[PDB]
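What follows is my_file.tsv (TSV, C-alpha atoms).
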```
chain	number	residue	atom	x	y	z
O	1	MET	CA	-7.14	-14.88	-10.37
O	2	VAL	CA	-5.48	-12.56	-7.87
O	3	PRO	CA	-3.71	-14.48	-5.09
O	4	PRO	CA	-4.61	-14.40	-1.39
O	5	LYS	CA	-1.44	-12.78	-0.12
O	6	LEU	CA	-2.62	-9.86	-2.22
O	7	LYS	CA	-6.38	-10.22	-1.98
O	8	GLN	CA	-5.66	-10.12	1.74
O	9	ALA	CA	-3.72	-6.88	1.57
O	10	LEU	CA	-6.38	-5.33	-0.63
O	11	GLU	CA	-9.31	-6.79	1.27
O	12	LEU	CA	-7.64	-5.67	4.48
O	13	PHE	CA	-7.15	-2.27	2.90
O	14	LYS	CA	-10.74	-1.70	1.86
O	15	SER	CA	-11.44	-2.94	5.37
O	16	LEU	CA	-8.86	-0.79	7.12
O	17	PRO	CA	-9.72	2.82	7.97
O	18	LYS	CA	-8.70	5.38	5.37
O	19	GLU	CA	-6.57	7.26	7.87
O	20	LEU	CA	-4.87	3.95	8.55
O	21	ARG	CA	-4.89	2.92	4.91
O	22	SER	CA	-2.49	5.81	4.44
O	23	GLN	CA	-0.14	4.63	7.15
O	24	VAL	CA	-0.50	1.16	5.68
O	25	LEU	CA	0.56	2.15	2.19
O	26	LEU	CA	3.54	3.73	3.91
O	27	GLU	CA	4.55	0.71	5.96
O	28	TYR	CA	4.44	-1.37	2.79
O	29	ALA	CA	7.11	0.78	1.19
O	30	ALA	CA	9.05	0.36	4.41
O	31	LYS	CA	8.78	-3.36	3.76
O	32	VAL	CA	10.49	-3.04	0.40
O	33	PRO	CA	14.05	-4.40	0.40
O	34	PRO	CA	16.60	-3.46	-2.27
O	35	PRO	CA	17.35	-5.71	-5.25
O	36	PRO	CA	20.44	-7.91	-5.56
O	37	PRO	CA	23.67	-6.74	-7.21
O	38	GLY	CA	23.56	-7.58	-10.90
O	39	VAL	CA	19.86	-7.94	-11.63
O	40	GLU	CA	18.73	-5.50	-14.28
O	41	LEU	CA	15.64	-3.38	-13.73
O	42	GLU	CA	13.61	-1.83	-16.53
O	43	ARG	CA	12.52	1.78	-16.25
O	44	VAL	CA	8.80	2.47	-16.34
O	45	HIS	CA	8.33	5.23	-18.90
O	46	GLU	CA	4.60	5.14	-18.31
O	47	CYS	CA	5.43	6.51	-14.88
O	48	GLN	CA	6.94	9.96	-14.58
O	49	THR	CA	9.57	9.05	-12.01
O	50	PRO	CA	12.36	6.64	-12.98
O	51	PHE	CA	10.63	3.57	-11.61
O	52	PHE	CA	12.53	0.37	-12.30
O	53	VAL	CA	10.98	-3.06	-11.92
O	54	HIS	CA	11.99	-6.63	-12.68
O	55	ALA	CA	9.81	-9.71	-12.49
O	56	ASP	CA	11.25	-13.21	-12.44
O	57	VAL	CA	10.88	-16.64	-10.89
O	58	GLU	CA	13.64	-18.57	-9.16
O	59	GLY	CA	13.05	-22.25	-8.52
O	60	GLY	CA	9.29	-22.17	-8.08
O	61	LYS	CA	8.54	-18.70	-6.76
O	62	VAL	CA	8.32	-15.20	-8.19
O	63	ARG	CA	10.92	-12.56	-7.43
O	64	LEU	CA	9.78	-8.95	-7.43
O	65	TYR	CA	12.37	-6.20	-7.59
O	66	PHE	CA	11.77	-2.47	-7.36
O	67	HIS	CA	14.08	0.53	-7.30
O	68	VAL	CA	12.95	3.97	-6.22
O	69	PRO	CA	15.46	6.81	-6.61
O	70	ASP	CA	13.34	9.58	-5.13
O	71	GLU	CA	12.14	6.93	-2.70
O	72	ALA	CA	8.67	8.27	-3.39
O	73	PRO	CA	6.15	7.15	-0.76
O	74	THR	CA	3.36	6.83	-3.29
O	75	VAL	CA	5.69	5.13	-5.74
O	76	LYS	CA	7.24	2.77	-3.22
O	77	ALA	CA	3.91	2.23	-1.51
O	78	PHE	CA	2.43	0.48	-4.53
O	79	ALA	CA	5.70	-1.15	-5.53
O	80	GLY	CA	5.50	-2.66	-2.06
O	81	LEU	CA	1.82	-3.55	-2.21
O	82	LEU	CA	2.69	-5.37	-5.41
O	83	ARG	CA	5.31	-7.54	-3.75
O	84	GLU	CA	3.25	-7.57	-0.57
O	85	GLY	CA	0.87	-9.84	-2.44
O	86	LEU	CA	3.18	-11.25	-5.08
O	87	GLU	CA	6.62	-11.67	-3.57
O	88	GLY	CA	6.93	-15.44	-3.37
O	89	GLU	CA	3.80	-16.02	-5.41
O	90	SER	CA	3.75	-18.02	-8.63
O	91	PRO	CA	4.63	-16.70	-12.09
O	92	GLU	CA	1.15	-17.71	-13.18
O	93	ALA	CA	-0.72	-16.06	-10.33
O	94	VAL	CA	1.29	-12.89	-10.76
O	95	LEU	CA	0.22	-12.97	-14.39
O	96	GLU	CA	-3.39	-13.78	-13.60
O	97	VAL	CA	-3.39	-10.41	-11.88
O	98	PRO	CA	-5.28	-7.77	-13.87
O	99	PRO	CA	-3.92	-4.30	-14.67
O	100	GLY	CA	-6.61	-2.99	-12.36
O	101	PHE	CA	-6.70	-5.27	-9.34
O	102	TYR	CA	-6.74	-2.22	-7.10
O	103	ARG	CA	-10.07	-0.96	-8.40
O	104	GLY	CA	-12.16	-3.42	-6.43
O	105	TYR	CA	-11.08	-1.80	-3.19
O	106	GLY	CA	-9.83	1.69	-2.43
O	107	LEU	CA	-6.36	2.10	-3.90
O	108	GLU	CA	-7.18	4.01	-7.07
O	109	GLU	CA	-8.67	6.73	-4.90
O	110	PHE	CA	-5.33	6.68	-3.13
O	111	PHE	CA	-2.92	6.78	-6.05
O	112	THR	CA	-5.35	8.68	-8.24
O	113	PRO	CA	-6.33	7.49	-11.73
O	114	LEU	CA	-3.20	9.17	-13.04
O	115	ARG	CA	-0.47	8.00	-10.70
O	116	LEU	CA	-1.97	4.59	-11.37
O	117	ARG	CA	-1.14	4.86	-15.06
O	118	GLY	CA	2.49	4.51	-14.05
O	119	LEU	CA	1.98	2.08	-11.19
O	120	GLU	CA	-0.01	-0.02	-13.62
O	121	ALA	CA	2.69	-0.13	-16.27
O	122	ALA	CA	4.66	-1.73	-13.45
O	123	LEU	CA	2.40	-4.77	-13.39
O	124	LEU	CA	1.83	-4.88	-17.13
O	125	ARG	CA	5.58	-4.67	-17.57
O	126	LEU	CA	6.44	-7.27	-14.96
O	127	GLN	CA	3.70	-9.46	-16.37
O	128	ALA	CA	5.56	-9.11	-19.65
O	129	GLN	CA	8.78	-10.08	-17.90
O	130	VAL	CA	7.11	-13.13	-16.41
O	131	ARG	CA	5.94	-14.62	-19.69
O	132	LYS	CA	9.64	-15.18	-20.27
O	133	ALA	CA	10.17	-16.94	-16.96
O	134	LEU	CA	7.46	-19.36	-18.05
O	135	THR	CA	9.80	-20.34	-20.85
O	136	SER	CA	13.04	-18.89	-19.53
```
Would you mind giving the structure from this file in structure tokens?
Amino acid sequence: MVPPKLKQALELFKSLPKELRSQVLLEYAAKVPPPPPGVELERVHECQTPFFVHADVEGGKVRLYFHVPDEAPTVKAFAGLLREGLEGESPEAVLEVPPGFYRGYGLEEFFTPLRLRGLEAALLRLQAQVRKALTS
């Protein structure tokens, strides 16, 4: 099931005031460092913008990597929220995460049911990139 680091962010979100929730989603993106030189990110067709993600596990922790060209706030926001409650997590917990772990809160109403389509692909994709790690 979804980890705490995340459940916390979400729980805190649905708990935080909308107005704030907005500023929160922003901060998150602000807390999104760039990937290392070499790593290869896969574009997320599902999403309109050229959103590149890359899930992996080094040692015994997961390593999330996002790349936003237009540095979209709504695109980065999520990308951040993902790592916010995944970065450092396990490759099994990150997989145990459903494609709609933001429904039981108040994120969907933030990134719309459309924008989600793309954001989602992010997880689904990563989750597909993790399976490898398991036996990488």
* Between CA of residue 29 in chain O and CA of residue 47 in chain O, what is the spacing in Å? -> 17.1 Å
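Across the model, the gap from CA of residue 67 in chain O to CA of residue 46 in chain O is 15.2 Å.
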* To do: Could you pull out every residue with an atom within 6 Å of (-7.4, -10.4, -10.0), file coordinates, counting all atoms listed in the file, and send them as a PyMOL selection string?
  => chain O and resi 1-2+97-98+101
Give me a file of those residues, with C-alpha atoms, as an mmCIF file, in the frame of the given file.
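What landed in part36.cif:
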```cif
data_model
loop_
_atom_site.group_PDB
_atom_site.id
_atom_site.type_symbol
_atom_site.label_atom_id
_atom_site.label_comp_id
_atom_site.auth_asym_id
_atom_site.auth_seq_id
_atom_site.Cartn_x
_atom_site.Cartn_y
_atom_site.Cartn_z
ATOM 1 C CA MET O 1 -7.140 -14.880 -10.370
ATOM 2 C CA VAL O 2 -5.480 -12.560 -7.870
ATOM 3 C CA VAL O 97 -3.390 -10.410 -11.880
ATOM 4 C CA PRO O 98 -5.280 -7.770 -13.870
ATOM 5 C CA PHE O 101 -6.700 -5.270 -9.340
#
```
* To do: Return the single residue from O:36, O:63, O:95, O:90 that is closest to residue 125 in chain O, with distances computed using all atoms listed in the file.
  => O:95
* **From O:103, O:76, O:7, O:132, residue lying nearest residue 25 in chain O [only C-alpha atoms]** => O:76
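Shortest atom-to-atom contact with residue 112 in chain O among O:30, O:78, O:124, O:66: O:78, counting only C-alpha atoms.
CA of residue 86 in chain O sits 12.1 Å away from CA of residue 130 in chain O.
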* Pick the closest to residue 56 in chain O from O:27, O:109, O:70, O:87: which is it, counting all atoms listed in the file? -> O:87
* **Contacts of residue 84 in chain O at 8 Å (all atoms listed in the file; same-chain gap of 2+ positions) as a list in words** => residues 5, 6, 9, 28, 80, 81, 82, 86 and 87 of chain O
* **Exercise: residue 61 in chain O partners within 6 Å, only C-alpha atoms, chain neighbours under 4 positions left out, as a list in words** => residues 57, 88, 89 and 90 of chain O
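For the choices O:77, O:68, O:10, O:41, the atom-to-atom distance to residue 23 in chain O is smallest for O:77 when using all atoms listed in the file.
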* Which residue, O:83, O:106, O:114, O:53, has the smallest gap to residue 13 in chain O when you use only C-alpha atoms? -> O:106
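Omitting residue 45 in chain O and its sequence neighbours fewer than 4 positions away, and counting only C-alpha atoms, the residues within 9 Å are residues 49, 50, 51, 118 and 121 of chain O.
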